[PDB]
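In the block that follows, a single chain appears as structure tokens, in the form deposited in one PDB entry.
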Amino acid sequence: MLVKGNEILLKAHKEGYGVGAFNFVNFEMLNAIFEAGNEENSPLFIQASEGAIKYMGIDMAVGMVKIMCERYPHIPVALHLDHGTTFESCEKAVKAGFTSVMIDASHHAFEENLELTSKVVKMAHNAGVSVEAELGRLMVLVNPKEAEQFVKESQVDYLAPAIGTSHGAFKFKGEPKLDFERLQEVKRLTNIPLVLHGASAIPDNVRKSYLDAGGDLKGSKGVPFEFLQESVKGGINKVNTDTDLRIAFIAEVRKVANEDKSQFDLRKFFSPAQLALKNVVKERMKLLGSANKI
């Protein structure tokens, strides 16, 4: 049952735990996420990038989530627009039924980012939808004092502080390093739920399965489980996870393709994929402490 993204993140902010924000592009991904939340009794933060919406059609994105909500009525679910690049996009998501929208204007200067974000807040809050913004650059780092004013004047529901992460299986070209001292300053000055982008970990088991199936993850490096927990302690309440889901999913697809070359039954390809993806999500929920929160 769709609920405001803030309704989920304010609880996580109070009690000091993190809720996983998992991306999806189709049915297989969506199904495995809900089943994971059901078996872990965990809140669900379902994300959809603009590239994913384009792929599915915003009508199918919301439509499929609504259907899933009906079969799992006891689970709190927030539908979040991931990385909206324009006011129009966020507005379309709001009209479509999204309960949470992100307006990514980190590339802009402070004033521009603030004005565009404020405009989005006015619109979304009017329709009862939560809003997410971003300061810093996913590649530089966030200015705690900027975050303080930014949050105060925009009245945004949650903020994504750049502390050293980035999307993809290749986050660190060296030793994984995040600015936790900066994260804590931001948390103290804003006192709102914080979001961590590019937070995939690339677990040993997930990497292993992918490489066994003839996949190439040479040099890949995500955020260690240690750091993910330090982030939550630091004030991170929303943890974006996508790469991990993809890798674990394709790992089984590649495997099936190798084992049996006469196999063309989609269900035989995506059944193991869903399972492998569900397990990654289940483990992540327990890691962040969102398990048994319902």
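Quick note: we count residues from 1 along the sequence shown, nothing fancier. In this text, the rigid core denotes the largest set of C-alpha atoms whose superposition between the two forms falls within 1.5 Å. Residues that one form lacks are left out of the comparison.
- Coordinates for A93 are present in every one of the other compared entries of this protein that model residues on both sides of it, well short of the third needed to count it as often missing.
- Among the other PDB entries of this protein that were compared and that flank it with modelled residues, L138 is left unmodelled in a third or more.
- According to the entry, the deposited sequence has 10 or more residues without coordinates between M139 and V140.
- As the entry records it, the average C-alpha temperature factor is higher for 164-172, out of 164-172 and 123-131.
- Taking the PDB entry as given, 215-223 carries the higher mean Cα B factor of the two stretches 68-76 and 215-223.
- Reading the B-factor column for the CA atoms of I103, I192, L178, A147 in the entry, the top value corresponds to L178.
- The PDB entry gives the largest Cα B-factor of the residues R188, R182, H83, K95 to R182.
- In the PDB entry, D59 places in the lowest third of its chain by CA B-factor.
- The entry lists a Cα temperature factor for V253 that places it in the middle third of the chain's modelled residues.
- Ranked within its chain, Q229 lands in the highest third, by CA B factor from the PDB record.
- For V156, the recorded CA B-factor ranks within the lowest third of the chain. Only modelled residues enter the ranking.
- Residue-level temperature factors show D204 in the highest third of its chain, judged at the C-alpha atom.
Keep in mind the form deposited in another entry is missing from the figure; the text below concerns it.
- Lining up the core between the shown form and the other one shows that one residue from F87, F172, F110, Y72 moves its Cα 2 Å or more, and that residue is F172.
- Between the C-alpha atoms of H83 and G168, a gap narrowed by no less than 3 Å is obtained in the other entry, as opposed to the form on display.
- With a change of no less than 3 Å, the CA-CA distance between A169 and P161 is smaller in the other entry than in the form shown.
- Fitting the two forms on their rigid core shows CA movement of 2 Å or more between the shown form and the other one over just one run of at least three residues, at 166-176.
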